[PDB]
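One chain comes next, on its own, written out as structure tokens in the form deposited in one PDB entry.
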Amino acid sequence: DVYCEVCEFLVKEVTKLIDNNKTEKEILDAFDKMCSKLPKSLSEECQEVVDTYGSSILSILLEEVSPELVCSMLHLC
């Protein structure tokens, strides 16, 4: 109605907020430790994925956030 509109607005702002340089820097610094915890037979393919798409994961995941589906879980849409 209008609590859906306000909730949806807020989720959109949050999404925008956290798509920022502090978040990226933090993700990039962690990719090493992330691949290390994987079986030795998957190491190379992990590095290969990180060294191709690592820098673009955050934006892809944020871009897929559905403001109405978040607000649905909060019972506001």
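We call the rigid core the largest set of C-alpha positions that still match within 1.5 Å between the two forms. Shifts are known only where both forms have a C-alpha. The first residue of the sequence shown is number 1, and the count goes up from there.
There is also a form deposited in another entry; it is not shown, and the following applies to it.
Core-superposed comparison between the shown form and the other one: CA of residue 23 displaced by 2 Å or more. Core-superposed comparison between the shown form and the other one: CA of residue 55 displaced by 2 Å or more. The distance between the CA atoms of residue 51 and residue 14 is at least 3 Å shorter in the other form than in the form shown here. Listed alone, the one run of 3 or more residues present in both forms whose C-alphas shift by at least 2 angstroms between the shown form and the other one, with the core superposed, is 20-55.
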